[PDB]
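Everything below concerns the one structure shown next.
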Amino acid sequence: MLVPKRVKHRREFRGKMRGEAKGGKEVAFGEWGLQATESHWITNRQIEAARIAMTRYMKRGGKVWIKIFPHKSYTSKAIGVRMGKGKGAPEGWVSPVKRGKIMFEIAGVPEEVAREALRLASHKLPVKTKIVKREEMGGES
Amino acid sequence: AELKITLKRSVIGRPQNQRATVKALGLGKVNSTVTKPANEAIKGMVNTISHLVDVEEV
Amino acid sequence: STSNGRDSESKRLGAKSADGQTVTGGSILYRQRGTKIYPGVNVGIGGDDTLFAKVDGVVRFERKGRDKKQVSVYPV
RNA sequence: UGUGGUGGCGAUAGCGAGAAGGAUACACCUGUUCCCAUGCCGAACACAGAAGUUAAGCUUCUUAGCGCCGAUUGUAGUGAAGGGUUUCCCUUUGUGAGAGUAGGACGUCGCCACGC
RNA sequence: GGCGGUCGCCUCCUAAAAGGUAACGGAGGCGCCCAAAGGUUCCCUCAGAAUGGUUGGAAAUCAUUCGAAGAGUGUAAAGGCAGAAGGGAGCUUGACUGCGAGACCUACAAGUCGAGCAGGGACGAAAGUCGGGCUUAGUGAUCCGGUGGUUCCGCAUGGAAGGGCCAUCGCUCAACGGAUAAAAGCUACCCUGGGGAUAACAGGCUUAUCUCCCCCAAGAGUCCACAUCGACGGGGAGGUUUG
RNA sequence: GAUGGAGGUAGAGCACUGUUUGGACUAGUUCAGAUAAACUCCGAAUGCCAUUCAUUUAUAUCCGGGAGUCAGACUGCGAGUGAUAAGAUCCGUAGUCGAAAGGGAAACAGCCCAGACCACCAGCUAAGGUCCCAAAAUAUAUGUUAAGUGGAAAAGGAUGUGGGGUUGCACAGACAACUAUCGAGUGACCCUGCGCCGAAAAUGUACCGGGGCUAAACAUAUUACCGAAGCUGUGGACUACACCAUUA
């Protein structure tokens with residue numbers, strides 16, 4: 001599980017995703033991408049589950065870029081406790097993802113291994129996805 | 001020059017500046033009319049009320 | 001069972017007369033902390049940074065060089 | 001015209017690289033007797049000067065590497081008016097960025113003094 | 001409801017680009033300090049880094065070159081400040097008396113800023129600046145009592161006793177717009193008036209949790225993912241469980 | 001409406017402070033990529049303050065007599081608490097209800113249309129509708145769906161069907177089938193309209209209001225009609241103000 005070292009604030013607000021990605025919508029470092037087409041929260045455990053599945057399938061390695069980091073914490077109260085007093089205790093970490101964001105990148109491996117690995121990563125996740133390659137600019141090798 | 005302005009909708013359910021605009025023109029009940037000069041101020045009132053009103057350049 | 005729960009009274013800071021308004025001597029123009037705005041022709045600063053007229057005239061908010069603002073009062 | 005001084009204007013006026021110059025003026029430079037000075041030091045500030053020099057400041061001129069001033073049209077948002085599930089999304093009408101760019105730019109306006 | 005916490009005042013976020021704005025919402029401070037850390041006149045410019053140098057080390061103290069602020073500002077945070085509000089030196093007590101046109105805030109009572117006039121001054125050659133401190137917390141009506149002043153009154157008259165007016169002192173009255181100078185518990189042994197304005201079963205809404213059903217598939221299964229079981233993860237139905 | 005202004009939200013940005021991924025490097029700085037409620041080099045729409053301004057309109061201020069209210073509710077929109085649950089709770093902003101009858105939504109405080117002085121066996125429309133219950137089109141042109149989808153529900157699955165694209169292999173003979181010929185086409189990809197499975201609860205069909213529907217469903221256009229206590233027509237009452245000749 002990824003965790004931020006040293007937060008400045010222990011609790012915070014949650015909202016208000018209102019989808020459209022602000023940042024990385026193109027492949028930057030690899031050859032193949034996994035782009036989210038819905039907007040949702042994505043947690044520590046979902047990322048690690050997807051990463052383990054993606055790497056296990058690629059015997060002889062290759063490389064993998066995780067491009068999504070959980071910055072924002074949770075809180076929650078307990079069963080049997082009435083409404084009222086201040087926020088609960090923090091339990092978890094998440095990152096909000098909006099539609100358009102590329103989330104993983106793979107390279108050093110032909111199509112079918114990369115496509116199978118990105119297929120296995122998506123069943124571990126709560127979003128709809130596409131698979132994209134680097135298309136066309138002044139230079140794309 | 002002039003414009004005939006007829007009131008086709010009701011003012012129940014609308015906000016207060018739209019009510020007061022209908023009043024500033026002098027429109028009372030549904031289907032009552034009014035005639036005004038063509039200005040940049042009267043056209044602004046007509047543009048605030050356009051969804052309630054019919055206008056004919058006369 | 002929380003240890004928060006306290007605040008101070010709001011202070012009603014801001015602009016107290018408008019650009020282009022005529023004003024009599026001594027009337028407040030702007031309440032602030034520190035000089036967000038500066039005093040100009042015929043305007044004074046108080047002890048806690050409030051800006052006031054010294055003379056009757058019109059109020060004009062202007063630009064002080066590259067990154068600062070000024071208030072002046074100009075008699076007719 | 002050239003130089004000294006003293007002013008307005010958002011650095012489009014700035015920074016760095018490079019050249020040149022002493023006519024008067026500006027400077028560096030030379031000294032501590034006397035006005036004044038160092039929490040030590042005539043370094044500074046203060047004064048008396050006029051051997052020496054354009055090396056440094058200063059002035060003029062070249063340069064768009066760094067800053068600065070930046071449109072247009074496209075998007076993101078959002079006044080009004082409407083539609084689907086209402087977490088969110090869409091269609092008309094009006095407004096319209098921040099980025100990213102085409103371009104600008106190595107100042108401009110004025111008073112006094114002296115010299116040509 | 002009890003137990004726990006809180007009760008006045010200051011700064012930020014919430015707060016939807018004027019002002020204002022709730023919650024047992026998210027974070028911190030105050031109940032002072034300074035005779036200079038106040039006034040005024042002159043002068044000054046920071047934190048670091050790199051290079052060398054004996055003790056001396058990463059880092060005490062010296063020298064040079066880069067350095068718009070990455071420092072400092074009595075104390076919390078925000079807004080300000082390098083024409084300093086930051087830092088040194090000389091002289092001083094304006095941390096003055098009587099006031100006050102006009103504004104701000106505001107239910108009231110209170111709170112805040114203020115050019116200018118008069119008396120008498122400090123610093124400076126002048127112009128001038130000075131009615132505490134970069135700004136905003138550091139406080140408590142009235143009644144009653146104490147101390148000092150007074151060209152006020154004084155129950156037939158002259159005094160006195162006593163009172164008034166001006167200046168100041170006595171509050172964790174902290175439940176901080178302050179009930180009285182003075183105040184804790186039990187009732188299953190209980191009584192009256194109200195309330196579904198409010199707690200318990202049943203209903204209703206919700207589905208975290210619970211029971212059930214699934215998607216992907218690493219693996220186990222001698223070999224073989226799917227005879228049987230299904231790690232890390234993902235998606236639903238139901239309204240019997242705890243809420 | 002025009003003109004000036006104060007202010008840091010929605011964006012989006014990484015100069016400053018937190019949080020963060022890759023690469024080069026070295027002291028023994030760099031190239032890229034993200035992120036924020038208490039970050040900001042930047043920065044709207046709208047709201048707010050003004051004006052010897054303009055055009056329409058009728059209020060505003062000051063003194064005095066008499067009150068009532070200090071339990072609100074739901075529905076857009078934008079925030080916090082909650083699990084971005086509740087017909088939950090607490091604020092901001094607009095409407096209806098409260099204190100509002102009438103039409104639509106089967107029945108329905110708060111949703112959509114619209115504000116009842118009274119009489120009529122007259123007319124035109126709104127929202128919503130036009131096969132029968134039940135007023136008005138068994139309308140017109142061109143398509144889609146076969147599932148009673150329409151008329152509750154997801155991840156995922158599939159030679160269901162419509163439309164638009166990109167291509168591999170084909171009469172110097174293709175894919176399939178037959179041993180050891182055949183005489184037209186045959187595979188693989190993308191976006192997209194509408195459908196299918198996934199789909200189990202307790203008195204009796206049992207979310208189409210019912211009958212029933214293959215259009216009486218859905219999409220795009222077009223014209224008629226129905227439809228309210230809304231508006232109009234004819235007459236009456238009461239009030240105000242202008243007209244008018246006293247007569248009001």
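Ligands are numbered from 1 in the order shown, chains are lettered A, B, ... in the order of the structure tokens, and residues start at 1 in each chain.
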
*Can you pull out every residue within 10 Å of residue 106 (chain D), counting only C-alpha atoms (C1' of nucleotides), but drop anything in the same chain fewer than 4 positions away, and send it as a ChimeraX atom specification?*
/D:12-14,62-64

Store the residues picked out above in a file with N, CA, C and O atoms (P, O5', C5', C4', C3', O3' and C1' of nucleotides), as a PDB file, in the first residue's frame.
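Done, and the output landed in result_37.pdb:
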ATOM      1  P     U D  12       7.501  47.477 -19.567  1.00  0.00           P
ATOM      2  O5'   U D  12       7.647  46.811 -21.002  1.00  0.00           O
ATOM      3  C5'   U D  12       8.714  45.918 -21.296  1.00  0.00           C
ATOM      4  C4'   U D  12       9.423  46.272 -22.585  1.00  0.00           C
ATOM      5  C3'   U D  12      10.247  47.559 -22.562  1.00  0.00           C
ATOM      6  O3'   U D  12      11.439  47.378 -23.322  1.00  0.00           O
ATOM      7  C1'   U D  12       8.678  47.662 -24.305  1.00  0.00           C
ATOM      8  P     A D  13      12.837  47.102 -22.589  1.00  0.00           P
ATOM      9  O5'   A D  13      13.068  48.401 -21.712  1.00  0.00           O
ATOM     10  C5'   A D  13      13.437  49.642 -22.307  1.00  0.00           C
ATOM     11  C4'   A D  13      14.018  50.599 -21.295  1.00  0.00           C
ATOM     12  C3'   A D  13      14.542  49.975 -19.992  1.00  0.00           C
ATOM     13  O3'   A D  13      15.647  50.750 -19.531  1.00  0.00           O
ATOM     14  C1'   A D  13      13.000  51.632 -19.487  1.00  0.00           C
ATOM     15  P     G D  14      17.138  50.164 -19.487  1.00  0.00           P
ATOM     16  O5'   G D  14      17.075  48.964 -18.445  1.00  0.00           O
ATOM     17  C5'   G D  14      16.864  49.189 -17.060  1.00  0.00           C
ATOM     18  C4'   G D  14      16.766  47.887 -16.310  1.00  0.00           C
ATOM     19  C3'   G D  14      17.972  46.964 -16.409  1.00  0.00           C
ATOM     20  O3'   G D  14      19.015  47.314 -15.516  1.00  0.00           O
ATOM     21  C1'   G D  14      16.014  45.726 -16.805  1.00  0.00           C
ATOM     22  P     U D  62      23.211  50.878 -32.127  1.00  0.00           P
ATOM     23  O5'   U D  62      24.040  49.519 -32.160  1.00  0.00           O
ATOM     24  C5'   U D  62      24.511  48.970 -33.377  1.00  0.00           C
ATOM     25  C4'   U D  62      25.163  47.625 -33.157  1.00  0.00           C
ATOM     26  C3'   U D  62      24.237  46.482 -32.787  1.00  0.00           C
ATOM     27  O3'   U D  62      23.589  45.922 -33.915  1.00  0.00           O
ATOM     28  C1'   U D  62      26.170  46.441 -31.412  1.00  0.00           C
ATOM     29  P     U D  63      22.237  45.073 -33.750  1.00  0.00           P
ATOM     30  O5'   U D  63      22.570  43.974 -32.639  1.00  0.00           O
ATOM     31  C5'   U D  63      23.237  42.767 -32.987  1.00  0.00           C
ATOM     32  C4'   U D  63      23.311  41.774 -31.844  1.00  0.00           C
ATOM     33  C3'   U D  63      21.997  41.334 -31.220  1.00  0.00           C
ATOM     34  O3'   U D  63      21.340  40.338 -31.982  1.00  0.00           O
ATOM     35  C1'   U D  63      23.588  41.769 -29.520  1.00  0.00           C
ATOM     36  P     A D  64      19.760  40.438 -32.235  1.00  0.00           P
ATOM     37  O5'   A D  64      19.118  39.633 -31.023  1.00  0.00           O
ATOM     38  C5'   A D  64      19.726  38.457 -30.494  1.00  0.00           C
ATOM     39  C4'   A D  64      18.921  37.924 -29.336  1.00  0.00           C
ATOM     40  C3'   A D  64      17.705  37.102 -29.742  1.00  0.00           C
ATOM     41  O3'   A D  64      17.407  36.158 -28.716  1.00  0.00           O
ATOM     42  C1'   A D  64      16.982  39.059 -28.644  1.00  0.00           C
TER      43        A D  64
END

_Only residues of chain A matter here; which ones have an atom within 10 Å of chain F, counting only C-alpha atoms (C1' of nucleotides)? Give them as a VMD selection string._
chain A and resid 4 to 9 11 to 17 22 to 24 27 to 29 65 to 72 75 to 77 83 to 87 95 123 126 to 128

Store the residues picked out above in a file with N, CA and C atoms, as a compact mmCIF listing (two decimals), in the first residue's frame.
# COMPACT_ATOMS: atom_id res chain seq x y z
N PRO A 4 1.25 8.48 1.87
CA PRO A 4 2.07 9.69 1.89
C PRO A 4 2.80 9.80 3.22
N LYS A 5 4.11 10.01 3.16
CA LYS A 5 4.83 10.43 4.35
C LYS A 5 4.37 11.83 4.75
N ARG A 6 4.09 12.03 6.04
CA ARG A 6 4.01 13.37 6.62
C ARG A 6 2.95 14.24 5.93
N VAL A 7 1.68 13.99 6.27
CA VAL A 7 0.63 14.92 5.86
C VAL A 7 0.67 16.18 6.72
N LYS A 8 0.14 17.28 6.17
CA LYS A 8 0.04 18.53 6.89
C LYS A 8 -1.26 18.64 7.68
N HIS A 9 -2.32 17.97 7.23
CA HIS A 9 -3.63 18.01 7.86
C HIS A 9 -4.16 16.59 8.02
N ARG A 11 -7.49 15.52 8.69
CA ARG A 11 -8.75 15.31 7.99
C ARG A 11 -8.94 16.33 6.88
N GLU A 12 -9.85 16.04 5.95
CA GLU A 12 -10.17 16.98 4.88
C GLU A 12 -11.52 16.66 4.25
N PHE A 13 -11.95 17.54 3.35
CA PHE A 13 -13.18 17.38 2.60
C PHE A 13 -13.00 16.30 1.53
N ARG A 14 -14.11 15.90 0.90
CA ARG A 14 -14.11 14.79 -0.04
C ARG A 14 -14.36 15.20 -1.48
N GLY A 15 -15.42 15.97 -1.75
CA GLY A 15 -15.91 16.20 -3.11
C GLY A 15 -14.90 16.90 -3.99
N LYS A 16 -15.23 17.24 -5.24
CA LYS A 16 -16.54 17.07 -5.89
C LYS A 16 -16.40 16.59 -7.33
N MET A 17 -15.79 15.42 -7.58
CA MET A 17 -15.01 15.11 -8.78
C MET A 17 -15.39 15.82 -10.08
N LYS A 22 -7.43 16.70 -15.54
CA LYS A 22 -6.65 17.92 -15.69
C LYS A 22 -5.24 17.66 -16.20
N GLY A 23 -4.70 16.47 -15.95
CA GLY A 23 -3.31 16.20 -16.20
C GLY A 23 -3.07 15.15 -17.26
N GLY A 24 -2.31 14.12 -16.92
CA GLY A 24 -1.80 13.22 -17.93
C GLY A 24 -2.86 12.45 -18.67
N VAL A 27 0.28 9.13 -23.18
CA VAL A 27 1.39 8.29 -22.76
C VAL A 27 2.67 9.11 -22.76
N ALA A 28 3.40 9.06 -21.65
CA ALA A 28 4.62 9.84 -21.48
C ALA A 28 5.89 9.01 -21.55
N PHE A 29 5.92 7.86 -20.88
CA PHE A 29 7.17 7.14 -20.72
C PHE A 29 7.18 5.74 -21.31
N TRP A 65 5.00 1.77 -15.26
CA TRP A 65 4.91 3.08 -14.64
C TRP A 65 3.53 3.24 -13.99
N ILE A 66 3.50 3.41 -12.68
CA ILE A 66 2.27 3.76 -11.98
C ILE A 66 2.14 5.28 -11.94
N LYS A 67 1.06 5.80 -12.51
CA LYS A 67 0.91 7.24 -12.71
C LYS A 67 -0.25 7.83 -11.92
N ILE A 68 -0.56 7.25 -10.76
CA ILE A 68 -1.72 7.62 -9.97
C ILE A 68 -1.34 7.44 -8.51
N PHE A 69 -1.47 8.50 -7.71
CA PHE A 69 -0.98 8.42 -6.34
C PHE A 69 -2.06 8.84 -5.34
N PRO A 70 -2.27 8.07 -4.28
CA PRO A 70 -3.28 8.41 -3.27
C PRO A 70 -2.80 9.49 -2.30
N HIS A 71 -3.29 10.71 -2.50
CA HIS A 71 -2.92 11.84 -1.67
C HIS A 71 -3.91 12.13 -0.55
N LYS A 72 -5.17 11.74 -0.71
CA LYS A 72 -6.28 12.17 0.13
C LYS A 72 -6.74 11.07 1.08
N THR A 75 -12.03 9.07 6.37
CA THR A 75 -12.34 8.88 7.78
C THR A 75 -13.56 7.97 7.85
N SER A 76 -13.83 7.47 9.05
CA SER A 76 -15.07 6.73 9.26
C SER A 76 -15.28 6.54 10.75
N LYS A 77 -16.55 6.47 11.14
CA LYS A 77 -16.99 6.17 12.48
C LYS A 77 -17.29 4.68 12.60
N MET A 83 -25.04 9.91 15.65
CA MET A 83 -24.50 11.09 14.99
C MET A 83 -24.16 12.14 16.03
N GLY A 84 -23.45 13.16 15.60
CA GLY A 84 -22.96 14.08 16.59
C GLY A 84 -21.50 14.40 16.44
N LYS A 85 -20.68 14.00 17.40
CA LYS A 85 -19.39 14.64 17.66
C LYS A 85 -18.44 14.58 16.47
N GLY A 86 -17.26 15.19 16.59
CA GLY A 86 -16.42 15.45 15.45
C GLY A 86 -16.08 14.29 14.52
N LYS A 87 -15.40 14.59 13.42
CA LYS A 87 -15.10 13.58 12.42
C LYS A 87 -14.50 12.33 13.05
N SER A 95 -7.06 8.16 -4.31
CA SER A 95 -6.90 9.25 -5.26
C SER A 95 -8.14 9.37 -6.13
N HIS A 123 -9.76 -5.79 -14.52
CA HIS A 123 -10.75 -6.49 -13.72
C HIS A 123 -10.55 -6.29 -12.23
N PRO A 126 -12.47 -0.36 -10.30
CA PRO A 126 -13.89 0.01 -10.39
C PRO A 126 -14.25 0.94 -11.54
N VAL A 127 -13.45 1.02 -12.60
CA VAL A 127 -13.70 1.93 -13.71
C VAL A 127 -13.74 1.17 -15.03
N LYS A 128 -14.40 1.78 -16.02
CA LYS A 128 -14.27 1.36 -17.41
C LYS A 128 -13.02 1.96 -18.03

*May I ask for the distance between CA of residue 34 (chain B) and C1' of residue 124 (chain F), given in Å to one decimal place?*
20.7 Å

*Could you check which of F:209, F:95, F:230, F:87 is closest to residue 31 (chain B), using only C-alpha atoms (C1' of nucleotides)?*
F:230

*Would you list which chain E residues are within 9 Å of chain C using only C-alpha atoms (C1' of nucleotides), as a list in words?*
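Result: residues 4, 5, 6, 9, 10, 11, 18, 19, 20, 24, 25, 26, 27, 79, 80, 81, 101, 102, 103, 104, 105, 113, 114, 115, 134, 135 and 136 of chain E.
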